[PDB]
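> Sequence, then structure. It's an experimental one.
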Amino acid sequence: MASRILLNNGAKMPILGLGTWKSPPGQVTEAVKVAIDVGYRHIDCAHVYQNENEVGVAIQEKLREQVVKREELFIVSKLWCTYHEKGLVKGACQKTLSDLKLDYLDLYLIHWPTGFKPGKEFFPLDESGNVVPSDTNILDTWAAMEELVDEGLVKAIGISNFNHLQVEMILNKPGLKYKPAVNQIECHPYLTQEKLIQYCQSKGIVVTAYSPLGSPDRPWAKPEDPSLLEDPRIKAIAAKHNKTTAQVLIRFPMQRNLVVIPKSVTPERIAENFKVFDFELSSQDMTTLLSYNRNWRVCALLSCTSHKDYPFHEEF
Ligand SMILES: NC(=O)c1ccc[n+]([C@@H]2O[C@H](COP(=O)([O-])OP(=O)(O)OC[C@H]3O[C@@H](n4cnc5c(N)ncnc54)[C@H](OP(=O)(O)O)[C@@H]3O)[C@@H](O)[C@H]2O)c1
Ligand SMILES: COc1ccc(-c2nc3ccc(F)cc3c3c(=O)n(CC(=O)O)c(C)nc23)cc1
């Protein structure tokens, strides 16, 4: 298993990264320090996670300790939905860079295709609980992202939570300057994404799988929801390999030529989750895990189902 995948800008992206959504600010600095100590070189960030300063502290410390140099790290962040207007994009990127204490990002993603009304609130609501959209569109936001590459703020740009038609809209954009390098999407045995992965990979777009463990800490979880980490069928595959269920769930997307970004703030789990380069899932294991698909999302952006750019009405 080579540890990096080649992107369209010529750069190599580590296939295993550390996720940081729901990593509380008071716990995430140590998590990122441990991750770097045990070998992670890719960190998945976002302004909306409200913890980029604390991520940046950890990175700074490890640079100053001589543990890693900047060129070996692969730092990803994402443009939040309230900043899709072309005149807001650069400032949003520069705020992430300032918080992270970096002079460039390796990859910057449009976090969701949906633009929201600009303002302080991340999910601005009217008086009936509907997300207030903005008058923004994918193509104009993409053009603003391209400017970030041309100014040296980011090495590559990509998208997240885009369906294949939304990806196609960018690919077919008149005067396209940069193709998306990555589409970061939810992917796990209950939502295997066969059609969207096939589409993206056929267009030379690398796919990153988010919520690979099923996001058991997501804030809207219901007790009756399916649970990957507790699935006895996956536990049995793990036992046969003398690995944990989480390790199987991380190895799975790696064998599909995906990047994967499991999140933890628990030092033992951070180290456990990286120890996935010493075993292989069999053809039968892969087939079996793919067979668990139920088209089941844990991140369905349910407050935005009437937005013009809501991504999940399309089959893929
Ligand atoms: N682009 C998007 O729209 C989007 C959406 C969702 C997620 N993401 C990215 O993807 C990352 C991963 O997804 P996620 O955070 O939703 O969830 P996840 O990585 O599927 O699961 C994280 C949860 O699993 C626990 N965990 C981690 N390792 C474990 C292990 N070895 N054994 C048992 N439990 C374990 C964590 O607990 P502790 O942390 O308490 O150890 C946490 O509760 C995010 O953090 C974010 O960076 C992006
Ligand atoms: C009812 O429909 C819903 C409910 C909740 C979320 C959600 N809310 C957030 C609120 C504040 C915040 F900082 C991040 C959120 C976030 C957030 O950061 N993520 C993670 C992501 O988008 O990467 C996700 C997936 N969702 C939220 C979204 C839609």
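Structure's in. What do you need? Numbering: from 1, shown residues only. Ligands and ions are numbered 1, 2, ... in the order given.

> Ramachandran coordinates for residue 239?
Torsion angles at residue 239 (phi, psi; degrees, to the nearest 10) stand at phi -60, psi -40.

> Next, work out how far apart it and residue 279 are.
Distance, residue 239 to residue 279, by Cβ to Cβ, to the nearest Å: 12 Å. The C-beta positions use only the backbone N, C-alpha and C, and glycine is treated the same way.

> and the stretch 151-300 of the chain, which residues reach ligand 1?
160-161, 184, 210-217, 229, 244, 246, 261-266, 269, 272-273, 299 (Cβ under 6 Å from any ligand atom).

> Selecting buried members of those residues in ChimeraX, what would you type?
Written as a ChimeraX command, the selection of buried residues from these, which uses 16 or more other Cβ atoms under 10 Å, is:
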select :160,161,184,210,211,212,213,214,215,244,246,261,262,263,264,265,269,272,273,299
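
> show me which of the residues of the stretch 151-300 of the chain next to ligand 1 neighbour ligand 2.
When contact is defined as Cβ under 6 Å from any ligand atom, those meet ligand 2 at residue 299.

> now, which of the residues of the stretch 151-300 of the chain next to ligand 1 lie within helices?
Judged by DSSP state H, the subset of those located in helices is 246, 269, 272-273.

> What helix or strand is residue 91 located in?
helix 86-100 (DSSP states H and E).

> can you tell if the following helix or strand past that helix touches ligand 1?
Using DSSP H and E, the helix or strand that follows helix 86-100 in sequence is strand 107-110. No: shown here: strand 107-110 not in contact with ligand 1 (Cβ under 6 Å from any ligand atom), separated by at least 7.0 Å.

> Could you check the angle the following helix or strand past strand 107-110 makes with helix 86-100?
Heading C-terminal from strand 107-110, the first helix or strand you meet, by DSSP H and E, is helix 138-150. If you take axes from the mean of the first three to the mean of the last three Cα atoms, to 10 degrees, helix 138-150 sits at 50 degrees to helix 86-100.

> Can you tell me, leaving aside adjacent residues, what's nearest to whichever residue of the stretch 101-250 of the chain sits closest to ligand 2?
Distance from ligand 2 to each residue of the stretch 101-250 of the chain (Cβ to the nearest ligand atom) is smallest for residue 122, at 4.9 Å. Nearest residue to residue 122 in three dimensions, chain neighbours excluded: residue 48, at 5.6 Å (Cβ to Cβ, 6 or more residues apart in numbering).

> quick one: the one you found and residue 111 touch, right?
Yes: using Cβ atoms under 8 Å, residue 48 makes contact with residue 111 at a distance of 6.8 Å.

> Now the common contact residues for these two.
By the contact definition Cβ atoms under 8 Å, 6 or more residues apart in numbering, residue 48 and residue 111 are jointly contacted by 78, 80.

> Please list all residues in contact with residue 59.
32, 36, 43, 73, 75, 100-102.

> please redo it, this time with the cut-off set to 10 Å
Residues counted as contacts of residue 59 (Cβ atoms under 10 Å, 6 or more residues apart in numbering) are 29, 32-33, 36, 43, 45, 68, 70, 73, 75, 100-102.

> Looking at the residues you listed, which are in strands?
43, 75 (DSSP state E).

> Count the residues that sit near residue 149.
For residue 149, the count of nearby residues is 17 (other Cβ atoms under 10 Å).

> Tell me who's in contact with it.
9, 108, 155-157, 177-178, 181.

> Filter those residues down to the buried ones.
9, 108, 155-157, 178, 181.

> now, which of those lie within strands?
When the buried ones among the contacts of residue 149 are checked against strands (DSSP E), the matches are 108, 157.

> From the buried ones among the contacts of residue 149, pick the one nearest ligand 1.
Looking across the buried ones among the contacts of residue 149 and measuring by Cβ to the nearest ligand atom, the closest to ligand 1 is residue 108, at 12.2 Å.

> Once you drop chain neighbours, what's closest to that closest one?
Among residues not flanking residue 108 along the chain, residue 154 sits closest, at 4.2 Å (Cβ to Cβ, 6+ apart).
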